[PDB]
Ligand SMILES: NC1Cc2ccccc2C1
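One chain is shown next in structure tokens, namely the form deposited without the ligand.
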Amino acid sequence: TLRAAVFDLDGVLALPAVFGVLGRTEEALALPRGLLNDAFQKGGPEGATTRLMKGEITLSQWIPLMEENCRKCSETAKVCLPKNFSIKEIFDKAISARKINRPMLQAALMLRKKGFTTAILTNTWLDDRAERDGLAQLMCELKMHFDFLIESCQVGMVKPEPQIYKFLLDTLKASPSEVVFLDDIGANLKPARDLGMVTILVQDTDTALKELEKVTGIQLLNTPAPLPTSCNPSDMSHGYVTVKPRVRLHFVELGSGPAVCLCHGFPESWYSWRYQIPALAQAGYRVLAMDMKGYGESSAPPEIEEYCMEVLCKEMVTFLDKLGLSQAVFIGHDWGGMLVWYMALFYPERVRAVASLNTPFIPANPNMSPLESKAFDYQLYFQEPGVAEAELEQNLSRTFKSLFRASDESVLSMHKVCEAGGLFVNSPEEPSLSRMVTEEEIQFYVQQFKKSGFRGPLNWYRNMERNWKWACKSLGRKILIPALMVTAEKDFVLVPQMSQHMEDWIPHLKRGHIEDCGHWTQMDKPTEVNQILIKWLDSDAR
């Protein structure tokens, strides 16, 4: 019975194999078969390559020691090497062209979700080339998905020496019979076999995965499309910025590159971006997922006037100021989307690009008050301080389970809430668990709302007149910075139709649409949200 899975990097989790490139180069340069592979493994355990794999020497130290081993191997073959020949050049392209073997990672991901202890076991070197980052980036992406990463140059042992295999077992804290090992090299496979481990020779991913699903008894091949990588809250970098004496803002930060500021809606968290954070950071962006004023680990002042658009926006500018950021791309959902359009209209120099999910940009009516624009029953229900708070705070588990659901799961009514006297009047006390959320994921929102409740979040609805008077100062402006509007087909609050005239105020407005998507866009359709944002960020946000 198995509980551990071990993968090699070269030829198993990463394709094409770097080793195979030594052969291709001989075939392309019409060099005697094996010339470069003879120079590679020259001296065996006493040779330059073993010293490199054990961490005795770095990659840049090995490069000449390989070139002179290419000089010794050609003397035996009598032929001479070309003019534009560079060992560095061959390895640079070889390492560069090597990309993650997505199906192999998917299988590793699936095994780990089924309670397997996963690990990478590779014969690698200490990379000190000018272009070492590409590989550091690759290793970063892979490693997060595994329990352990055993690099030969770190452990000082190497494959096929049996010491690394006993080290593998001691690390995994498991009996060899509880271990599946996968390698593309028979030699590096034999010692695992001898110890009593299940071994899979990798020649093609499909057969290798067949052998894996055969022995594990878990579906790994042909399995449905997996959800994007999520966030474990405790494994994140949490940031805190005091924007003013009583007001502190919290964010979760991930990645390098242009600053991408994510603004959640009502009643949410930075956690509502759980599937976007790893994805956007992987796309080469510095993700700053906010806890908006009144939410989670951010300050929740009681006063209503503390949550009008002007103060909220001015506070987000101070956030940039204190973090040392002249600009950030502002991506907002729901009330976050509203904030994000005001950031663009009042502080365009602070906004690199602006993106909204479901929330349209609707210019204020200077004649009619927003309390009339009745023309949203829950809005009126939220006006009275204390009422909605008491209902939403009554049972937190119930509140989120009732709210957080797909279009095909709808259990909540937005119509005639006031006359019936409650948001959950015609709702079960123990609602069913939605297909978008796990019990654990709902508990995160429960834990966060236990800090300061719904007063702060609900105050975002209690500044209609202030927001209206303020927005009226922007009636002569146009949003001319890069902008994206993302509509969700089945959002019955923020309907796609409401966005139709947006090009009248944003001429260069780019668009995105998601079919069969509810209000809770990010958790409903994550893969497509990420696809839309990455494509727009790469084209309009640098």
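Note that residue numbering begins at 1 and tracks the sequence as displayed.
The form solved in complex with the ligand exists for this protein as well; it is not shown, and the discussion that follows is about that form.
Undergrad: Taking the pose of the ligand in the deposited bound form and superposing the surrounding C-alphas, is this site open or blocked by backbone or C-beta atoms within 2.4 Å of 3 or more ligand atoms?
TA: Here the site is open.
Undergrad: Looking at the partner-bound form in the deposited bound form, is residue 364 within 4.5 Å of the ligand by any heavy atom?
TA: Although the ligand is absent here, residue 364 would touch it in the deposited bound form, with heavy atoms inside 4.5 Å.
Undergrad: Counting only non-hydrogen atoms and a 4.5 angstroms cut-off, does residue 116 reach the ligand in the deposited bound form?
TA: Close contact is absent here: in the deposited bound form, residue 116 is far from the ligand, nothing within 4.5 Å, heavy atoms only.
Undergrad: Is there any non-hydrogen atom of residue 471 lying within 4.5 Å of the ligand in the deposited bound form?
TA: Yes.
Undergrad: Would residue 448 show up as a contact with the ligand in the deposited bound form if we use heavy atoms at 4.5 Å?
TA: No - in the deposited bound form, heavy atoms of residue 448 and the ligand never come within 4.5 Å of each other.
Undergrad: Just one of 72-80, 332-340, 142-150, 173-181 has heavy atoms within 4.5 Å of the ligand in the deposited bound form; which?
TA: After filtering at 4.5 Å, what remains is 332-340.
Undergrad: Answer with one of 300, 198, 351, 309: the residue that has a non-hydrogen atom within 4.5 Å of the ligand in the deposited bound form.
TA: Spelling it out, the residue with a heavy atom inside the cut-off is 309.
Undergrad: Answer with one of 276, 467, 269, 101: the residue that has a non-hydrogen atom within 4.5 Å of the ligand in the deposited bound form.
TA: Checked against the cut-off, the match is 467.
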